[PDB]
Every structure is written in structure tokens, then in C-alpha cells.
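*Asks:* My file is entry-v7.cif. It has mmCIF, C-alpha atoms:
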```cif
data_query
#
loop_
_atom_site.label_atom_id
_atom_site.label_comp_id
_atom_site.auth_asym_id
_atom_site.auth_seq_id
_atom_site.Cartn_x
_atom_site.Cartn_y
_atom_site.Cartn_z
CA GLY B 1 -12.56 -5.82 4.07
CA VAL B 2 -10.50 -8.86 3.10
CA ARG B 3 -13.23 -11.38 3.95
CA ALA B 4 -15.85 -9.22 2.20
CA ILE B 5 -13.78 -8.84 -1.00
CA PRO B 6 -15.72 -11.78 -2.52
CA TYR B 7 -18.92 -9.99 -1.47
CA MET B 8 -18.28 -6.77 -3.38
CA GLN B 9 -16.90 -8.82 -6.27
CA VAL B 10 -20.33 -10.49 -6.37
CA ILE B 11 -21.86 -7.00 -6.22
CA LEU B 12 -19.71 -6.03 -9.21
CA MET B 13 -20.87 -9.07 -11.20
CA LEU B 14 -24.48 -8.22 -10.33
CA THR B 15 -24.04 -4.58 -11.38
CA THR B 16 -22.37 -5.51 -14.68
CA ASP B 17 -25.85 -6.41 -15.98
CA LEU B 18 -27.41 -3.11 -14.87
CA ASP B 19 -28.58 -0.76 -17.64
CA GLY B 20 -28.29 2.95 -16.90
CA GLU B 21 -31.14 3.79 -19.29
CA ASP B 22 -33.87 2.23 -17.11
CA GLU B 23 -35.26 4.40 -14.32
CA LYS B 24 -35.41 1.52 -11.82
CA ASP B 25 -31.76 0.56 -12.33
CA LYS B 26 -30.62 4.19 -12.12
CA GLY B 27 -32.59 4.74 -8.92
CA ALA B 28 -31.25 1.57 -7.31
CA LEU B 29 -27.68 2.49 -8.30
CA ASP B 30 -28.14 6.00 -6.90
CA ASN B 31 -29.46 4.56 -3.63
CA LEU B 32 -26.46 2.22 -3.45
CA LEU B 33 -24.08 5.13 -4.09
CA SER B 34 -25.76 7.22 -1.38
CA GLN B 35 -25.53 4.31 1.07
CA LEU B 36 -21.82 3.88 0.30
CA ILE B 37 -21.28 7.63 0.73
CA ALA B 38 -23.01 7.56 4.13
CA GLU B 39 -20.82 4.55 4.96
CA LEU B 40 -17.73 6.63 4.12
CA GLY B 41 -18.36 8.80 7.20
CA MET B 42 -16.78 12.10 6.14
CA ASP B 43 -18.58 13.73 9.10
CA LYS B 44 -16.31 11.85 11.54
CA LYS B 45 -13.93 14.14 13.43
CA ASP B 46 -11.98 11.03 14.41
CA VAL B 47 -9.29 11.56 11.77
CA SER B 48 -6.64 10.05 14.07
CA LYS B 49 -8.12 6.58 13.47
CA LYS B 50 -7.87 7.07 9.69
CA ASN B 51 -4.05 7.18 9.77
CA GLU B 52 -3.63 3.76 11.43
CA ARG B 53 -4.32 0.56 9.50
CA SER B 54 -7.82 -0.65 10.38
CA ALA B 55 -10.75 -2.63 9.01
CA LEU B 56 -12.73 0.53 8.22
CA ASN B 57 -9.87 1.97 6.15
CA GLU B 58 -9.50 -1.26 4.16
CA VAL B 59 -13.25 -1.37 3.54
CA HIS B 60 -13.11 2.22 2.28
CA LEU B 61 -10.15 1.31 0.05
CA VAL B 62 -12.20 -1.52 -1.47
CA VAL B 63 -15.10 0.93 -1.84
CA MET B 64 -13.05 3.32 -3.97
CA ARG B 65 -11.60 0.41 -5.95
CA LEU B 66 -15.16 -0.66 -6.79
CA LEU B 67 -16.13 2.91 -7.68
CA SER B 68 -13.04 3.24 -9.89
CA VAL B 69 -14.04 0.02 -11.64
CA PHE B 70 -17.50 1.54 -12.14
CA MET B 71 -16.23 4.77 -13.72
CA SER B 72 -13.37 3.03 -15.57
CA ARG B 73 -15.67 1.46 -18.20
CA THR B 74 -16.98 4.73 -19.70
CA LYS B 75 -15.25 4.18 -23.05
CA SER B 76 -17.59 4.39 -26.08
CA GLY B 77 -15.25 1.77 -27.64
CA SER B 78 -17.17 -1.29 -28.94
CA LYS B 79 -20.33 -0.34 -26.95
CA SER B 80 -23.85 -1.37 -28.13
CA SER B 81 -25.48 1.87 -26.80
CA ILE B 82 -23.56 1.05 -23.55
CA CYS B 83 -21.77 4.38 -24.01
CA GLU B 84 -25.01 6.16 -23.02
CA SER B 85 -25.49 4.03 -19.90
CA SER B 86 -21.84 4.53 -18.91
CA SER B 87 -22.14 8.30 -19.35
CA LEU B 88 -25.35 8.45 -17.29
CA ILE B 89 -23.83 6.31 -14.52
CA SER B 90 -20.69 8.47 -14.51
CA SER B 91 -22.69 11.71 -14.32
CA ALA B 92 -24.96 10.42 -11.54
CA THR B 93 -21.99 9.09 -9.55
CA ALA B 94 -20.13 12.39 -9.88
CA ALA B 95 -23.19 14.39 -8.82
CA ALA B 96 -23.85 12.17 -5.80
CA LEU B 97 -20.19 12.18 -4.73
CA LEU B 98 -19.61 15.93 -5.13
CA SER B 99 -22.93 16.90 -3.54
CA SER B 100 -21.94 14.92 -0.42
CA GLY B 101 -18.68 16.79 0.20
CA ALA B 102 -16.40 13.76 0.08
CA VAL B 103 -13.87 16.10 -1.54
CA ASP B 104 -13.29 17.87 1.79
CA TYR B 105 -12.78 14.44 3.35
CA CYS B 106 -10.20 13.79 0.64
CA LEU B 107 -8.45 17.01 1.66
CA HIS B 108 -8.43 15.94 5.32
CA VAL B 109 -7.03 12.47 4.59
CA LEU B 110 -4.37 13.96 2.31
CA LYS B 111 -3.25 16.44 4.97
CA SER B 112 -3.24 13.61 7.51
CA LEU B 113 -0.95 11.46 5.37
CA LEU B 114 1.16 14.56 4.72
CA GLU B 115 2.05 14.56 8.42
CA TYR B 116 2.98 10.88 8.11
CA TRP B 117 5.25 11.62 5.14
CA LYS B 118 6.83 14.57 6.97
CA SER B 119 7.54 12.41 10.03
CA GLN B 120 8.86 9.42 8.05
CA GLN B 121 11.27 11.37 5.82
CA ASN B 122 12.88 13.30 8.70
CA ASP B 123 13.56 10.21 10.85
CA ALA B 124 2.30 -1.37 -0.61
CA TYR B 125 -0.85 -0.44 1.31
CA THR B 126 0.11 3.23 1.69
CA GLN B 127 0.85 3.61 -2.03
CA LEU B 128 -2.51 2.12 -3.01
CA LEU B 129 -4.36 4.27 -0.47
CA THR B 130 -2.66 7.45 -1.70
CA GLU B 131 -3.27 6.52 -5.35
CA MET B 132 -6.99 5.90 -4.75
CA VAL B 133 -7.54 9.02 -2.64
CA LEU B 134 -5.86 11.06 -5.37
CA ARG B 135 -7.63 9.31 -8.27
CA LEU B 136 -11.14 9.74 -6.86
CA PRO B 137 -11.05 13.58 -6.89
CA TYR B 138 -9.29 13.36 -10.27
CA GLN B 139 -12.03 11.20 -11.76
CA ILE B 140 -14.78 13.30 -10.15
CA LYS B 141 -13.33 16.51 -11.58
CA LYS B 142 -12.89 14.90 -15.00
CA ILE B 143 -16.54 13.83 -15.02
CA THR B 144 -17.71 17.28 -13.90
CA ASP B 145 -15.58 18.80 -16.68
CA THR B 146 -17.20 16.48 -19.24
CA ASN B 147 -20.66 17.57 -18.01
CA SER B 148 -20.94 21.35 -17.67
CA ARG B 149 -24.46 21.03 -16.19
CA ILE B 150 -22.94 19.72 -12.93
CA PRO B 151 -21.72 22.62 -10.74
CA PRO B 152 -17.92 22.77 -10.64
CA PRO B 153 -16.15 21.87 -7.38
CA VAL B 154 -14.55 24.83 -5.62
CA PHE B 155 -10.80 24.50 -5.02
CA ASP B 156 -9.20 27.13 -2.81
CA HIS B 157 -5.46 27.77 -2.59
CA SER B 158 -4.75 25.22 0.16
CA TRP B 159 -5.53 22.29 -2.13
CA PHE B 160 -2.87 23.49 -4.57
CA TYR B 161 -0.52 24.03 -1.62
CA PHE B 162 -0.62 20.45 -0.36
CA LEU B 163 -0.71 18.99 -3.88
CA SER B 164 2.50 20.88 -4.67
CA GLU B 165 4.03 19.76 -1.36
CA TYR B 166 3.22 16.17 -2.32
CA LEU B 167 4.88 16.87 -5.67
CA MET B 168 8.06 17.90 -3.81
CA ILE B 169 8.40 14.27 -2.60
CA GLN B 170 10.91 12.35 -4.80
CA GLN B 171 9.55 8.95 -3.58
CA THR B 172 6.77 9.08 -6.25
CA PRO B 173 8.11 7.44 -9.50
CA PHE B 174 4.94 7.50 -11.71
CA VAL B 175 2.05 8.79 -9.57
CA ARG B 176 4.06 12.01 -9.60
CA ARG B 177 3.45 12.15 -13.36
CA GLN B 178 -0.22 11.43 -12.69
CA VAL B 179 -0.44 14.27 -10.15
CA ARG B 180 1.32 16.65 -12.56
CA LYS B 181 -1.19 15.79 -15.29
CA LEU B 182 -4.01 16.20 -12.77
CA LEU B 183 -2.77 19.69 -11.90
CA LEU B 184 -2.28 20.81 -15.50
CA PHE B 185 -5.83 19.59 -16.13
CA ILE B 186 -7.09 21.50 -13.07
CA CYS B 187 -5.44 24.73 -14.22
CA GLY B 188 -6.40 23.91 -17.81
CA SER B 189 -3.17 25.37 -19.16
CA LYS B 190 0.45 24.33 -18.66
CA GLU B 191 1.37 27.99 -18.06
CA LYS B 192 -0.63 28.34 -14.84
CA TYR B 193 0.35 24.91 -13.49
CA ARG B 194 4.03 25.67 -14.04
CA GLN B 195 3.60 29.16 -12.56
CA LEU B 196 2.05 27.83 -9.34
CA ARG B 197 4.62 25.03 -9.03
CA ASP B 198 7.54 27.42 -9.57
CA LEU B 199 6.11 29.96 -7.12
CA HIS B 200 5.72 27.31 -4.42
CA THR B 201 9.19 25.89 -5.07
CA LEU B 202 10.76 29.34 -4.81
CA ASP B 203 8.77 30.17 -1.67
CA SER B 204 9.81 26.91 -0.01
CA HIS B 205 13.48 27.33 -0.91
CA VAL B 206 13.37 30.94 0.30
CA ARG B 207 11.91 30.03 3.69
CA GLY B 208 14.46 27.22 3.88
CA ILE B 209 17.28 29.74 3.47
CA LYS B 210 15.61 32.11 5.91
CA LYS B 211 15.36 29.49 8.66
CA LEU B 212 18.81 28.02 7.92
CA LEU B 213 20.31 31.46 8.50
CA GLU B 214 18.04 31.96 11.54
CA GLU B 215 19.42 28.86 13.24
CA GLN B 216 23.02 29.75 12.37
CA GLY B 217 22.50 33.33 13.55
CA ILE B 218 21.85 35.48 10.46
CA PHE B 219 18.51 36.98 11.47
CA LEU B 220 16.09 38.82 9.18
CA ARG B 221 14.75 41.66 11.33
CA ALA B 222 12.60 44.22 9.48
CA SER B 223 14.15 42.99 6.20
CA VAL B 224 17.65 43.71 7.59
CA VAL B 225 20.25 40.97 8.07
CA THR B 226 21.77 40.95 11.56
CA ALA B 227 24.76 38.67 12.27
#
```
Show how you would write the structure in this file as C-alpha cells.
*Replies:*
Amino acid sequence: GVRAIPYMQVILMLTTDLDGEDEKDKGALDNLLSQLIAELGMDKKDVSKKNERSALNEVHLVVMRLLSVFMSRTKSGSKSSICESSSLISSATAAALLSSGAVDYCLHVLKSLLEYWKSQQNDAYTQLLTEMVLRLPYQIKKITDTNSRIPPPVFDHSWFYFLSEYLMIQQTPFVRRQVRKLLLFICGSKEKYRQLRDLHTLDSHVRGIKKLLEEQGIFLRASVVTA
């Protein structure tokens, strides 16, 4: 990744001249996105190698940095019809990414780093990796929200569960704010986001009390306390 950083920088300079309105440019960009997605290797069951620092992980980190640069210039501000090209590129990128199920891979990598955080607390490459793997689903969902014609990604309850668990970590000074804003955007209303967060916090504190009394000897048997 480090030695190929100049390479994808050159790719970025080459793509800065691409116009999303032309069919040839859009097709070439879509092919490049599909090739990068296939390079991501979400089908790999070898998640254990994703936790350790490796060349493949750094290459993937550079890949999402390049993709974030691509979708970070979608501001209609001072754009000579560029706004339209940026919107088309954003929509095509979101469709290609979501249709490939990289979101499930995001869930797997998040739950893998959750084990790392659990192990480290009880006994800045990581920060950048976590920020990118949280920003990519955030940006994808934002783009799909801006374009209702793209089918919405399906988020079951587990995603909220680990996102809340990550929120319980007090080692996140600002990205915690970003995750909170992400969740209130996902719910769409502050009421539901706060309701889920409070419910998880209460459930976690309650099981904490339960197990703390279990270990001491106050046992909850059939909802009856036995000392």
C-alpha cells in the first residue's frame, strides 16, 4: 500500500478529468469500481487475517480513502454543471457498492475490531481504519437516502447493537459525535435514536448488576433472589 500510494494518487489525478455525463467515462468508472470491489474480497472467510496489520489491509484502507475522496466532491458549490457529474458518480458508486454486499463485510470487520477493543480495555492506524470503515456505510446510506430509486439497505437489530456498544466506549472523542449523528440519521428522528440508546444502556447496566450479584452469590433463580 505505501509504495503504491503514488500510484493511486496518479489514478486520482487521472480521474479528476473524468466527466460523469459521458457514457464511456461512466462505464469505465463503473468497471473500475467493480474491480476494486472484487479486490476487497468480502467473500473471504479468513477474517482472522483482517485483524492483524498487513499489506492487504493497508491497500484496502487506501482504497476507501480514494473512494471517500471520490464521493467527497459532490458539492454543487461553484460547479460548472459538475454537480450533475458528481451526483451521477455518487449514485453509481452507491449502487455498485451496496449491490455487492460490502456492508455485511463492514459488519464483520466491525465485530472483529469489537473483540480487539474488548480485549484491550480489560487488560493512529486503528483510529483511521475504524473511521473509514464507519464512514463508508455512512456515506453509502446518505447517498441511497438522497436517491430514493436505489433500494434501501436492510439493517437488522444486530447492527444497532454493535453500534451502540461502540458508543459505550469513552475512548472516542469526536468520532463518537459522528457515530451519534449517523445513528440519528439512520433512525431519522432523535426520539428513536435516543430510545434505542437508552434501552441498550439500561439492558447492559441491568445484566452487569445481574452478573455482579451472581459472582458475589445473589442468584436470580426464576426471578427470585437467593442469597
*Asks:* Each residue of segment 24-116 of chain B lying at most 9 Å from segment 3-12 of chain B should get a row with its shortest atom-to-atom pair and the distance in Å to one decimal, counting only C-alpha atoms; could you produce that, ordered by chain and increasing number, as CSV?
*Replies:*
```
residue,atom,partner,partner_atom,distance
B:59,CA,B:4,CA,8.4
B:62,CA,B:5,CA,7.5
B:63,CA,B:8,CA,8.5
B:66,CA,B:12,CA,7.4
B:69,CA,B:12,CA,8.6
B:70,CA,B:12,CA,8.4
```
*Asks:* Counting only C-alpha atoms, which of B:109, B:209, B:179, B:91 gets nearest to residue 149 of chain B?
*Replies:*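 Among the listed residues, B:91 lies closest to residue 149 of chain B.
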*Asks:* Could you state the separation of atom CA of residue 87 of chain B and atom CA of residue 181 of chain B in Å, given to one decimal place?
*Replies:*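 Computed distance, atom CA of residue 87 of chain B to atom CA of residue 181 of chain B, equals 22.6 Å.
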*Asks:* Atom CA of residue 53 of chain B to atom CA of residue 182 of chain B: how many Å, to one decimal?
*Replies:*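 These two atoms are separated by 27.2 Å.
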*Asks:* Would you please work out which residue, of B:107, B:113, B:225, B:96, is nearest to residue 150 of chain B when using only C-alpha atoms?
*Replies:* B:96
*Asks:* List, as an MDAnalysis selection string, every residue that the PyMOL selection byres ((chain B and resi 112) around 12) selects in the file provided.
*Replies:* chainID B and resid 46:52 105:111 113:119 130 133 162
*Asks:* Hey, which of B:136, B:71, B:54, B:86 ends up closest to residue 18 of chain B? Count only C-alpha atoms.
*Replies:*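 Using only C-alpha atoms, residue 18 of chain B sits closest to B:86.
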*Asks:* So, with all atoms listed in the file as the atoms that count, which of B:126, B:100, B:139, B:34 lies closest to residue 74 of chain B?
*Replies:* B:139
*Asks:* So the first atom is atom CA of residue 45 of chain B and the second is atom CA of residue 102 of chain B; what is the distance between them in Å, to one decimal place?
*Replies:*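 About the pair atom CA of residue 45 of chain B and atom CA of residue 102 of chain B: they are 13.6 Å apart.
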*Asks:* Would you write out, as a list in words, every residue that the PyMOL selection byres ((chain B and resi 159-161) around 9) captures in this file?
*Replies:*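 For this structure, the PyMOL selection byres ((chain B and resi 159-161) around 9) captures residues 107, 155, 156, 157, 158, 162, 163, 164, 165, 166, 183, 196, 197 and 200 of chain B.
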*Asks:* Taking 6 positions as the minimum chain separation for residues in the same chain, which residues sit within 12 Å of residue 220 of chain B when counting only C-alpha atoms? Answer as a ChimeraX atom specification.
*Replies:* /B:207,209-214,226-227
*Asks:* Can you pull out the residues contacting residue 154 of chain B? Cut-off 12 Å, using only C-alpha atoms, and skip same-chain residues under 5 positions away; I want them as a ChimeraX atom specification.
*Replies:* /B:98-99,101,103-104,137,141,144,159-160,186
*Asks:* Given all atoms listed in the file as the basis, pick out the residue of B:145, B:84, B:191, B:123 nearest to residue 21 of chain B.
*Replies:*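 Distance minimum relative to residue 21 of chain B lands on B:84.
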*Asks:* From the options B:175, B:169, B:187, B:56, which residue's atoms come nearest to residue 41 of chain B, counting all atoms listed in the file?
*Replies:*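 Of B:175, B:169, B:187, B:56, the one nearest residue 41 of chain B, counting all atoms listed in the file, is B:56.
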*Asks:* What lies within 9 Å of residue 184 of chain B using only C-alpha atoms, ignoring chain neighbours under 6 positions off, as a ChimeraX atom specification?
*Replies:* /B:190-194
*Asks:* Selected residues, C-alpha atoms, written as a short mmCIF file (atom, residue, chain, number, x, y, z; two decimals), in the frame of the given file, please.
*Replies:*
```
data_model
loop_
_atom_site.label_atom_id
_atom_site.label_comp_id
_atom_site.auth_asym_id
_atom_site.auth_seq_id
_atom_site.Cartn_x
_atom_site.Cartn_y
_atom_site.Cartn_z
CA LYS B 190 0.45 24.33 -18.66
CA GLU B 191 1.37 27.99 -18.06
CA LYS B 192 -0.63 28.34 -14.84
CA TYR B 193 0.35 24.91 -13.49
CA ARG B 194 4.03 25.67 -14.04
#
```
*Asks:* As lines of an AutoDock Vina configuration file, please: the centre and edge lengths in Å, to one decimal, of an axis-aligned box enclosing every listed atom of segment 207-224 of chain B with 6 Å added on each side.
*Replies:*
```
center_x = 17.5
center_y = 35.7
center_z = 8.5
size_x = 23.1
size_y = 29.0
size_z = 22.1
```
